[PDB]
$ cat coords.pdb   # PDB, C-alpha atoms
ATOM      1  CA  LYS A 301       2.281  57.047 -22.483
ATOM      2  CA  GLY A 302       1.883  60.551 -21.134
ATOM      3  CA  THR A 303      -1.803  60.210 -20.618
ATOM      4  CA  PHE A 304      -3.734  59.745 -17.367
ATOM      5  CA  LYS A 305      -1.284  56.854 -16.809
ATOM      6  CA  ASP A 306       1.666  58.991 -15.703
ATOM      7  CA  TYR A 307      -0.685  61.822 -14.916
ATOM      8  CA  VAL A 308      -1.904  59.857 -11.916
ATOM      9  CA  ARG A 309       1.600  58.456 -11.502
ATOM     10  CA  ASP A 310       2.913  61.918 -10.627
ATOM     11  CA  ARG A 311      -0.320  63.052  -9.016
ATOM     12  CA  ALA A 312      -3.138  60.646  -8.122
ATOM     13  CA  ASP A 313      -4.789  63.547  -6.302
ATOM     14  CA  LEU A 314      -7.002  65.148  -8.942
ATOM     15  CA  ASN A 315     -10.663  64.975  -7.890
ATOM     16  CA  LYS A 316     -11.811  61.428  -7.079
ATOM     17  CA  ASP A 317      -8.259  60.615  -6.111
ATOM     18  CA  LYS A 318      -8.603  57.155  -4.648
ATOM     19  CA  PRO A 319      -7.750  54.508  -7.329
ATOM     20  CA  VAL A 320      -5.316  54.201 -10.264
ATOM     21  CA  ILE A 321      -7.896  55.933 -12.445
ATOM     22  CA  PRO A 322     -10.033  58.013 -10.069
ATOM     23  CA  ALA A 323     -13.546  58.754 -11.328
ATOM     24  CA  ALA A 324     -13.566  62.542 -11.268
ATOM     25  CA  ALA A 325      -9.829  62.497 -11.750
ATOM     26  CA  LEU A 326     -10.130  61.299 -15.333
ATOM     27  CA  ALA A 327     -13.400  63.208 -15.621
ATOM     28  CA  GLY A 328     -11.461  66.382 -14.908
ATOM     29  CA  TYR A 329      -8.519  65.239 -17.016
ATOM     30  CA  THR A 330     -10.604  64.717 -20.147
ATOM     31  CA  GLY A 331     -13.320  67.147 -19.161
ATOM     32  CA  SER A 332     -16.336  64.841 -19.290
ATOM     33  CA  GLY A 333     -18.210  67.191 -16.982
ATOM     34  CA  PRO A 334     -19.853  65.703 -13.865
ATOM     35  CA  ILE A 335     -17.877  62.447 -14.114
ATOM     36  CA  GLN A 336     -18.238  59.867 -16.850
ATOM     37  CA  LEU A 337     -19.446  56.317 -16.121
ATOM     38  CA  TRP A 338     -16.500  54.460 -17.636
ATOM     39  CA  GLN A 339     -14.210  56.797 -15.703
ATOM     40  CA  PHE A 340     -16.253  56.271 -12.529
ATOM     41  CA  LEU A 341     -16.165  52.537 -13.103
ATOM     42  CA  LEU A 342     -12.442  52.917 -13.666
ATOM     43  CA  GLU A 343     -12.207  54.400 -10.172
ATOM     44  CA  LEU A 344     -13.879  51.446  -8.606
ATOM     45  CA  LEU A 345     -11.887  49.086 -10.772
ATOM     46  CA  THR A 346      -8.517  50.714 -10.400
ATOM     47  CA  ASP A 347      -9.195  50.790  -6.724
ATOM     48  CA  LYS A 348      -8.578  47.522  -5.023
ATOM     49  CA  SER A 349     -10.928  48.026  -2.098
ATOM     50  CA  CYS A 350     -13.680  49.481  -4.272
ATOM     51  CA  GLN A 351     -12.919  46.890  -6.966
ATOM     52  CA  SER A 352     -15.242  44.641  -4.919
ATOM     53  CA  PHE A 353     -18.577  45.412  -6.576
ATOM     54  CA  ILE A 354     -16.875  45.869  -9.920
ATOM     55  CA  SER A 355     -13.856  43.729 -10.654
ATOM     56  CA  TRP A 356     -11.947  43.176 -13.861
ATOM     57  CA  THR A 357     -11.956  39.622 -15.173
ATOM     58  CA  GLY A 358      -8.170  39.570 -15.359
ATOM     59  CA  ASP A 359      -6.843  40.201 -18.864
ATOM     60  CA  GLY A 360      -7.972  42.679 -21.509
ATOM     61  CA  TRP A 361     -10.463  45.451 -20.856
ATOM     62  CA  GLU A 362     -13.379  43.639 -19.255
ATOM     63  CA  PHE A 363     -15.018  44.155 -15.871
ATOM     64  CA  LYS A 364     -17.961  42.870 -13.888
ATOM     65  CA  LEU A 365     -20.218  44.572 -11.346
ATOM     66  CA  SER A 366     -20.960  42.408  -8.298
ATOM     67  CA  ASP A 367     -23.955  44.386  -7.201
ATOM     68  CA  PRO A 368     -24.688  45.998 -10.540
ATOM     69  CA  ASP A 369     -27.862  47.689  -9.396
ATOM     70  CA  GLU A 370     -25.799  49.083  -6.530
ATOM     71  CA  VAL A 371     -23.154  50.082  -9.047
ATOM     72  CA  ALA A 372     -25.904  51.774 -11.000
ATOM     73  CA  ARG A 373     -26.897  53.642  -7.812
ATOM     74  CA  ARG A 374     -23.224  54.602  -7.520
ATOM     75  CA  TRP A 375     -23.300  56.202 -10.959
ATOM     76  CA  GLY A 376     -26.689  57.739 -10.392
ATOM     77  CA  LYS A 377     -25.817  59.015  -6.939
ATOM     78  CA  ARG A 378     -23.086  61.121  -8.516
ATOM     79  CA  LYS A 379     -25.686  62.453 -10.977
ATOM     80  CA  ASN A 380     -28.486  63.101  -8.447
ATOM     81  CA  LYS A 381     -30.121  59.739  -9.175
ATOM     82  CA  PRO A 382     -29.377  57.707  -5.993
ATOM     83  CA  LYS A 383     -32.116  55.201  -6.860
ATOM     84  CA  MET A 384     -30.197  54.252  -9.966
ATOM     85  CA  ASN A 385     -31.060  50.779 -11.154
ATOM     86  CA  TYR A 386     -29.031  48.738 -13.669
ATOM     87  CA  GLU A 387     -31.356  49.929 -16.453
ATOM     88  CA  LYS A 388     -30.599  53.545 -15.733
ATOM     89  CA  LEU A 389     -26.981  52.522 -15.694
ATOM     90  CA  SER A 390     -27.509  50.549 -18.862
ATOM     91  CA  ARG A 391     -28.992  53.652 -20.466
ATOM     92  CA  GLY A 392     -25.740  55.395 -19.662
ATOM     93  CA  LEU A 393     -23.937  52.261 -20.757
ATOM     94  CA  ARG A 394     -25.846  52.665 -24.031
ATOM     95  CA  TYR A 395     -24.554  56.174 -24.452
ATOM     96  CA  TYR A 396     -21.082  54.682 -24.183
ATOM     97  CA  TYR A 397     -22.116  51.720 -26.276
ATOM     98  CA  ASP A 398     -22.636  54.141 -29.153
ATOM     99  CA  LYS A 399     -19.235  55.726 -28.583
ATOM    100  CA  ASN A 400     -18.047  52.108 -28.523
ATOM    101  CA  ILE A 401     -16.670  52.351 -25.024
ATOM    102  CA  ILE A 402     -18.951  49.852 -23.339
ATOM    103  CA  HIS A 403     -20.619  46.727 -24.643
ATOM    104  CA  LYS A 404     -22.948  45.153 -22.094
ATOM    105  CA  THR A 405     -21.738  41.596 -22.491
ATOM    106  CA  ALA A 406     -24.894  39.699 -21.624
ATOM    107  CA  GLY A 407     -24.959  36.091 -20.465
ATOM    108  CA  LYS A 408     -22.231  36.926 -17.989
ATOM    109  CA  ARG A 409     -23.048  38.394 -14.575
ATOM    110  CA  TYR A 410     -23.311  42.047 -15.655
ATOM    111  CA  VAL A 411     -19.985  42.053 -17.460
ATOM    112  CA  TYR A 412     -19.189  45.040 -19.623
ATOM    113  CA  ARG A 413     -16.197  45.105 -21.926
ATOM    114  CA  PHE A 414     -14.324  48.271 -22.878
ATOM    115  CA  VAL A 415     -14.808  48.052 -26.617
ATOM    116  CA  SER A 416     -12.949  51.352 -26.936
ATOM    117  CA  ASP A 417      -9.691  49.952 -25.562
ATOM    118  CA  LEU A 418      -8.691  52.506 -22.956
ATOM    119  CA  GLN A 419      -4.996  52.001 -23.727
ATOM    120  CA  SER A 420      -5.211  55.083 -25.950
ATOM    121  CA  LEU A 421      -6.986  57.387 -23.493
ATOM    122  CA  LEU A 422      -5.378  56.009 -20.339
ATOM    123  CA  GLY A 423      -2.082  54.620 -21.500
ATOM    124  CA  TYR A 424      -2.389  51.880 -18.915
ATOM    125  CA  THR A 425      -1.953  48.497 -20.498
ATOM    126  CA  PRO A 426      -4.969  46.291 -19.636
ATOM    127  CA  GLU A 427      -2.904  43.515 -18.056
ATOM    128  CA  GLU A 428      -0.662  45.796 -15.973
ATOM    129  CA  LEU A 429      -3.604  47.995 -15.052
ATOM    130  CA  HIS A 430      -5.824  45.324 -13.452
ATOM    131  CA  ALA A 431      -2.690  43.634 -12.117
ATOM    132  CA  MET A 432      -1.913  46.613  -9.895
ATOM    133  CA  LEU A 433      -5.503  46.592  -8.699
ATOM    134  CA  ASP A 434      -5.168  43.127  -7.159
ATOM    135  CA  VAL A 435      -8.235  42.222  -9.223
ATOM    136  CA  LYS A 436     -10.555  39.584  -7.794
ATOM    137  CA  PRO A 437     -12.728  38.496 -10.750
ATOM    138  CA  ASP A 438     -14.981  36.359  -8.625
ATOM    139  CA  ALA A 439     -17.926  38.421  -7.530
ATOM    140  CA  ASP A 440     -18.880  37.654  -3.922
TER     141      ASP A 440
END

$ encode --input "coords.pdb" --output "structure tokens"
Amino acid sequence: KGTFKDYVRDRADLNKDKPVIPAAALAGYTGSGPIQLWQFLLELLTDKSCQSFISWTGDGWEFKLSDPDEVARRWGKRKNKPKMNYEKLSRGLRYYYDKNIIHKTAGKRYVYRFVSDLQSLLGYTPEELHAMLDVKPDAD
């Protein structure tokens, strides 16, 4: 892949340059404007320290927010909505639901699954990707 995979591999210093897939880093790479949720979530996920309140479950594209209202705030804060609650997040998640990027997998503790398969946009293979993030799927 010659996508954001090796893009970060040579760089990792785009915009939100913290994690494997930094939020504004992919936002600037693809040009989603003022960040895009799944790319912001990717930051927190592809970052091992930030992976805390949003960890992958291990294999395949699936992740889980540990303080999902907080994680909402995270997303909102970057869009001038610091009081972002899960619903406001879920509204955004619904925008990505339509693009088939995010399916809010209910029943689980705020687990969303990347129904777009980011292997095509990122190049990072799901297994390898989370594996480098030292993913801790147990929330708190």

$ closest_residue --input "coords.pdb" --among "A:383, A:311, A:373, A:318" --to "residue A:351" --atoms "all atoms listed in the file"
A:318

$ resolve_selection --input "coords.pdb" --expression "the PyMOL selection byres ((chain A and resi 400-405) around 10)" --output "PyMOL selection string"
chain A and resi 337-338+361-364+390+392-399+406-418

$ residues_around --input "coords.pdb" --residues "residue A:345" --least-positions-apart "3" --cutoff "9 Å" --atoms "only C-alpha atoms" --output "PyMOL selection string"
chain A and resi 319-321+340-342+348-356+363+430+433+435

$ resolve_selection --input "coords.pdb" --expression "the PyMOL selection byres ((chain A and resi 423) around 8)" --output "ChimeraX atom specification"
/A:301-305,418-422,424-425

$ axis_aligned_box --input "coords.pdb" --around "stretch 377-385 of chain A" --padding-each-side "4 Å" --output "JSON"
{"center_x": -27.6, "center_y": 56.9, "center_z": -8.6, "size_x": 17.0, "size_y": 20.3, "size_z": 13.2}

$ atom_distance --input "coords.pdb" --atom1 "atom CA of residue A:376" --atom2 "atom CA of residue A:323"
13.2 Å

$ closest_residue --input "coords.pdb" --among "A:326, A:344, A:358, A:333" --to "residue A:429" --atoms "all atoms listed in the file"
A:358

$ atom_distance --input "coords.pdb" --atom1 "atom CA of residue A:378" --atom2 "atom CA of residue A:308"
21.5 Å

$ resolve_selection --input "coords.pdb" --expression "the PyMOL selection byres ((chain A and resi 439) around 6)" --output "list in words"
residues 366, 438 and 440 of chain A

$ atom_distance --input "coords.pdb" --atom1 "atom CA of residue A:372" --atom2 "atom CA of residue A:331"
21.5 Å

$ residues_around --input "coords.pdb" --residues "residue A:314" --least-positions-apart "2" --cutoff "8 Å" --atoms "all atoms listed in the file" --output "number ranges by chain"
A: 308, 311-312, 316-317, 322, 324-325, 328
